[PDB]
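First the structure, in the form of structure tokens, and then the observations on it.
Because the Cβ atoms are built from the backbone with ideal geometry, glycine has one as well, and the counts that use them run over all protein chains shown. No value in this document is a laboratory result; all are computed from the given coordinates.
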Amino acid sequence: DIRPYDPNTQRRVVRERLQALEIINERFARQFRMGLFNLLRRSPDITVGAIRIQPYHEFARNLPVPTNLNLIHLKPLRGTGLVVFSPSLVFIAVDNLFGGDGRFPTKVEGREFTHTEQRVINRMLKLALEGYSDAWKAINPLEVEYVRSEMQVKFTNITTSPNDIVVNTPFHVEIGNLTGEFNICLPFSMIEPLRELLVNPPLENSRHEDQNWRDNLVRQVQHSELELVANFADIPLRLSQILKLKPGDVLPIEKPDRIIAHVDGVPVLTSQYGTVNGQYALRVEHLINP
Amino acid sequence: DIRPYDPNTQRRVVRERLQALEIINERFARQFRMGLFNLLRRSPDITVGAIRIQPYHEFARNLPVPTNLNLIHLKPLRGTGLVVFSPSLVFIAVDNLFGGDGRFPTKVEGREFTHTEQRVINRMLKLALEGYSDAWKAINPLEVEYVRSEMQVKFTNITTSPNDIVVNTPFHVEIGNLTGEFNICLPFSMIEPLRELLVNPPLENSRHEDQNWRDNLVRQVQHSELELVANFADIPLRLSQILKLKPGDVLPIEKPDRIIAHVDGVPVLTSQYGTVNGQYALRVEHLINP
Amino acid sequence: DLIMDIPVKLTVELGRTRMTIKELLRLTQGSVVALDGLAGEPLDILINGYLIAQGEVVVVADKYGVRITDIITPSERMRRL
Amino acid sequence: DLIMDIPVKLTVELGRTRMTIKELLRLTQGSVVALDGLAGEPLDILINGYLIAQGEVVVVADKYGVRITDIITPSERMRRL
Amino acid sequence: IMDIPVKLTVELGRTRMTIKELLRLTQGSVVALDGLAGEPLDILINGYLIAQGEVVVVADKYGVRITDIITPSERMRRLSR
Amino acid sequence: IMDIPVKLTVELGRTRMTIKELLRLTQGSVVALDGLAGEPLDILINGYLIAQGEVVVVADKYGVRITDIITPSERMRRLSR
Amino acid sequence: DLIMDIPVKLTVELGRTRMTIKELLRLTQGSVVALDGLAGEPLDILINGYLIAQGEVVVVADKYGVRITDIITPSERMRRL
Amino acid sequence: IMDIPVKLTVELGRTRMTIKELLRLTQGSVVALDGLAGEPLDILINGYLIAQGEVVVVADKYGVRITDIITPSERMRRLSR
Amino acid sequence: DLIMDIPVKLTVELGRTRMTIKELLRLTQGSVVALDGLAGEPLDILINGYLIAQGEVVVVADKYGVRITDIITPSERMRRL
């Protein structure tokens, strides 16, 4: 295991299992299936693949070129998500929509999406966004807004860096004999505030029950003692002075007007020092509060 | 590596990679392609070549003569840019516009552009300017204004000196079997203020996020110590005096009424000197502020 | 050997107390909290959180300083552990 | 040898202090900032930013001048490093 | 409100016993706790029991899924034993 | 507002260790830091940590792309360790 | 004297640069700044801001560390200031 | 306004070096300046740098085409080096 | 005496000219002024404005330098004033 570290070795091992994300994915898959039936007048089946928590560069490197990349806003979460519409999926959708029964072999040679193809992408994207919002509403209500569309992964730059860890969710859609894929790409920073909710779903009766749980939690942790350490003074010395140091030595010190009270190093308050009852005491002037 | 330096050896090695400039180039290429389709009623394809950050003289030396050179204004950036329209491109455009199907071989012998050719040049130049402004607006909104047209590189003199480093961006346009080129030439001084933005594009959600980032940056750097050195007095001596100098020597000095406080040699403030608490102290009269 | 200089940070602690979150959040302006250290008991001296000595506040020509009453011992470290 | 003249620039520093950007920007008119140099402590003398000596301000016939208390040594340079 | 860290602990069970078996203890000596196998382990904050939760192993690591927060009645019931 | 230069530094990681291994150090001695491989390195201004960012190599030169600016909570979380 | 159980703080510097207020403020999200040190140079092992060792980077079971190649000599301490 | 002549000078570059190499200098001794090859040389008025410009040879004579006038920020930047 | 670690400032002047206020003001962007020195003449190596050496220009791995040919003689110092 003794190997020289080198840059660009993004050995980012962040392993989790977002059961709530999985359930939202399944609900959105059902909503998208019914929406696709409504639009295409044909019944698809959507298989939700494994969630890939992978670096953004690795996710993008596997994306076929060209492809539809739709930027979306997950309000109020800071940042933007992406919807990946594959050329095969868009081809099949347009073929079904515009008279083609889809029996013809799918010929994807690689080309940009025309304005008509763009509008078809817009419609299926609107349906997908509505279904995804509906799926998420069961856990956390949010607003999803379309931003714009792109053909290249370089057009998007969804993360600050390509090595940023991102979540991808694939869906394989089958209609008759025609197969396609579409993906949902959300930066891990999007879900980091809600990581606790996404890991475990095991709550269904929680609207005021959450408030009751939090109130019990706070009122019960309010009975836990702490370790107040008040650093009276601070002298900088050298190790030679430490080694030669002997009892009776007087160490000069700047006069501490304010004593900082901290726990485990964590500053708690600013106070003045004094003596009462024969013991050292602190009269608090200001608690440490940003 | 021990060789005698000689003038006119412009070994100007300034290597960068302007990803944002590349993305603006691609967006402008698409806009120009759609504009050319609108005008010529034919579909071109535009290939964006590698960006050449090369001296102005070297850029001009490769420009064919005669050629169209259009001066443009990159407001509010101080200075002017250039659009290079090649004789082959102008020939093809005029041929398509005025009844020629372009099947005839392109015969460019070298001649000035007539007034009708000038009007055609003006038209596709206006389309290119609008497309370039649209492409740039995604990163930085700016105003582009046509200045005038020229036939010779000596007519332009885009830089202060021919050795000035300049950015050039070529585009190869194909329509059927007819090939042409057109270039965008912007001095490196144009983009030097925006070099930081042009190097890296990796930001999508930044309108107030930039302000938040800047506020965080300033409020976090406000906690860094500095090195205030106050030069009390300045005596000029000679090295003989330094060598012979001995303790107890008194050095005459002009009376410093004002003490300059500087950090790393950079002046910071002007103050008066005094003693308080038993330590030397400075009462500040004026901070160094241009 | 080469470690003779090694800039070190020495801190002295005024006192410690056993107190919980309720009163902790109920601290107000001017409120006084006592510490387990008796007045006149020499304060502790710590380096990176560990015992180094016990020192007492002494008036030294209008300049309060800390005079080392004693240097720690492994025995006393075990006892206070 | 030939370097006997070599016009040199000698500067004396009044003091140094550890202070941050907040208070730095919060300096105002008439505000007083102290320095680590004690009053009466001989000031430092620097040439191109490097130690050359320590000198003290002395009254010399109504003309204040710096009198060299001592010349630097490599040892003291190491200590003040 | 405050950003203080606390040392959480998880307690498997209790044991009330005189020091007879304590001195009789050795490697291999069987000991029985108050809690039977199956009931939630106790989540204590700075040694203050606040919760009960079930033990799980995740990534070959011990963890506790908190099942319920306790009540004063159950707290005092546990104490009076 | 001001045009003053500052010495930026980038820190790979931390290490809390007693001088046992320090005196035992030699060429080839293995040392482990607090930071695991992968997390952003720390951007410090005059020794003041302000940011975190990822390490890259450009033109065979070390560089750091700043990923984020730190918050007081994460700052003190790092300090209290 | 062997008062030597004291713990100490160890840091590793990937690189340093001198850089000014204006382009500080100009640094934005994802901004990358090149370091003065060329890639492959041994990093600096600091103790409380004091350098004693130089060494290259290494990863030991996903954990950061340095392979030290030079530790003790003050002969170059003059130039690094 | 005034018709006074001034001695202009053009400076190729700077060099900060101790007199070690100065006394070691001889015919053929290699010296390196602060300025790399390519940057404009400095136009100084009575020794006051005011401009930067590129070097040309005209009629087998040295000349400088002034490229730009300097700014106080760049002036202090060159100063603090 | 060997107080000799002192650093010094070295400059190289490509050329000089005497030239007056009016045509100073008349100099504009891109204006080129010929130097008194003819091309190929050894440049002047100054120390704090004091000349001791003459030498031609040379580039050493893209770095400026001078090949010195005459350094010490003051017999010509009379004419250059």
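Here is how the numbers come out for the structure above:
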item: Count of residues meeting criterion [of a type outside the set (F, W, Y) and in a strand (DSSP E or B)] in the range D:56-81; result: 13
item: Qualifying residues in the range C:58-76 (those that are of a type in the set (A, V, I, L, M, F, W, C) and more than 8 Å from chain A (Cβ to nearest Cβ)) - the one farthest from the chain's Cα centre (by Cα); result: C:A61
item: Positions within the range A:1-19 being in a loop (DSSP other than H, G, I, E, B) and in contact with a helix residue (DSSP H, G or I) (Cβ under 9 Å, 6 or more places away or on another chain), in sequence order; result: A:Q10, A:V14, A:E16, A:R17, A:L18
item: Helices (runs of 4 or more DSSP H) wholly inside the range A:73-169 that include at least 3 residues being touching a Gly at 6+ places or on another chain (Cβ under 8 Å); result: A:87-97, A:115-137
item: Boolean, D:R80 is within 7 Å of another protein chain (Cβ to nearest Cβ) and either of a type in the set (K, R) or at positive phi (or both); result: no
item: In the range F:36-53, the residues that are crowded, with 21+ Cβ neighbours inside 10 Å and either over 22 Å from G:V60 (Cα atoms) or under 11 Å from the mean Cα position of the chain (by Cα) (or both); result: F:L41, F:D42, F:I43, F:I45, F:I50, F:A51, F:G53
item: Any pair with Cβ under 6 angstrom, 6 or more apart, that starts in the range G:30-47 at a residue that is at the interface with chain F (Cβ under 8 Å from one of its Cβ atoms) and free of Cβ contacts under 8 Å to residues at least 12 places away in the same chain and ends at one that is assigned to a loop (DSSP other than H, G, I, E, B) and surrounded by fewer than 18 Cβ atoms within 10 Å (Cβ to Cβ); result: G:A39/F:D60
item: Pick from the range G:7-23, criterion surrounded by 18 or more Cβ atoms within 10 Å (Cβ to Cβ) and of a type in the set (A, V, I, L, M, F, W, C), ranking: farthest from B:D215 (Cα to Cα); result: G:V8
item: Those residues of the range A:6-63 which are of a type in the set (F, W, Y) and within 15 Å of A:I184 (Cβ to Cβ), in sequence order; result: A:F28, A:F32, A:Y56, A:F59
item: Selection status of A:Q220, within 8 Å of another protein chain (Cβ to nearest Cβ), at negative phi, over 30 Å from the mean Cα position of the chain (by Cα) and not in a strand (DSSP E or B); result: yes
item: Matching residues in the range B:135-161 - criterion: being closer than 18 Å to B:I191 by Cα and buried (at least 17 other Cβ atoms within 10 Å of the Cβ); result: B:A135, B:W136, B:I139, B:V144, B:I158, B:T159, B:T160, B:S161
item: In the range H:56-66, the residues that are closer than 9 Å to I:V32 by Cα and among the β-branched types (V, I, T); result: H:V56, H:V64, H:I66
item: Matching residues in the range B:28-65 - criterion: being assigned to a helix (DSSP H, G or I) and buried (at least 18 other Cβ atoms within 10 Å of the Cβ); result: B:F28, B:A29, B:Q31, B:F32, B:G35, B:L36, B:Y56, B:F59, B:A60
item: Filtered residues of the range A:230-253 (kept if in contact (Cβ under 8 Å) with a residue 12 or more places away in the chain and either surrounded by 14 or more Cβ atoms within 10 Å (Cβ to Cβ) or not in a strand (DSSP E or B) (or both)); result: A:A230, A:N231, A:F232, A:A233, A:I235, A:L237, A:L251, A:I253
item: Sole exception among (1) assigned to a helix (DSSP H, G or I); (2) surrounded by 15 or more Cβ atoms within 10 Å (Cβ to Cβ) for A:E227, by number; result: (1)
item: Exclusive hit being surrounded by fewer than 12 Cβ atoms within 10 Å (Cβ to Cβ), of a type in the set (K, R) and farther than 27 Å from F:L79 by Cα, set C:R79, C:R26, C:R67; result: C:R79
item: Any hit, the range A:159-169, residues being within 14 Å of chain G (Cβ to nearest Cβ) and among the β-branched types (V, I, T); result: yes
item: Residue list for the range F:51-81, filter: polar (S, T, N, Q) and within 22 Å of B:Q211 (Cα to Cα); result: F:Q52, F:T67, F:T71, F:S73
item: Any chance A:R41 is at positive phi, without any contact (Cβ under 8 Å) to a residue 60 or more places away in the chain and of a type in the set (D, E, K, R); result: yes
item: Number of the condition not met by A:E209 [criteria: (1) out of contact with any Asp or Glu (no Cβ under 9 Å at 6 or more places or on another chain); (2) surrounded by 14 or more Cβ atoms within 10 Å (Cβ to Cβ); (3) among the acidic types (D, E); (4) more than 7 Å from every other protein chain (Cβ to nearest Cβ)]; result: (2)
item: Failed item, numbered, when E:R14 is tested on (1) surrounded by 11 or more Cβ atoms within 10 Å (Cβ to Cβ); (2) without any contact (Cβ under 8 Å) to a residue 60 or more places away in the chain; result: (2)
item: Odd one out for B:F104 among (1) buried (at least 17 other Cβ atoms within 10 Å of the Cβ); (2) closer than 21 Å to B:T179 by Cα; (3) hydrophobic (A, V, I, L, M, F, W, C); result: (1)
item: Subset of the range I:1-29 [more than 7 Å from chain H (Cβ to nearest Cβ), under 29 Å from I:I71 (Cβ atoms) and hydrophobic (A, V, I, L, M, F, W, C)]; result: I:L2, I:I3
item: Qualifying residue in the range F:6-27 (condition: at the interface with another protein chain (Cβ under 7 Å from one of its Cβ atoms), of a type in the set (K, R) and under 26 Å from G:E23 (Cβ atoms)); result: yes
item: Residues being surrounded by 11 or more Cβ atoms within 10 Å (Cβ to Cβ), closer than 20 Å to E:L79 by Cα and of a type outside the set (A, V, I, L, M, F, W, C) - total across the range E:17-35; result: 2
item: Scan of the range A:255-290 for residues that are among the β-branched types (V, I, T), at the interface with chain C (Cβ under 7 Å from one of its Cβ atoms) and surrounded by fewer than 17 Cβ atoms within 10 Å (Cβ to Cβ), ordered by number; result: A:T275, A:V276
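Let's see how each residue does on (1) among the hydroxyl-bearing types (S, T, Y); (2) closer than 21 Å to F:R24 by Cβ:
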residue	(1), (2)
G:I6	no, yes
G:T11	yes, yes
G:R18	no, no
G:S31	yes, no
G:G37	no, no
G:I47	no, yes
G:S75	yes, no
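Results for (1) over 30 Å from B:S43 (Cα atoms); (2) in contact (Cβ under 8 Å) with a residue 24 or more places away in the chain, shown as yes or no for each residue.
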| site | (1), (2) |
| --- | --- |
| A:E109 | no, no |
| A:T114 | no, no |
| A:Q118 | no, yes |
| A:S133 | yes, no |
| A:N140 | yes, yes |
| A:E145 | yes, yes |
| A:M151 | no, yes |
| A:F155 | no, yes |
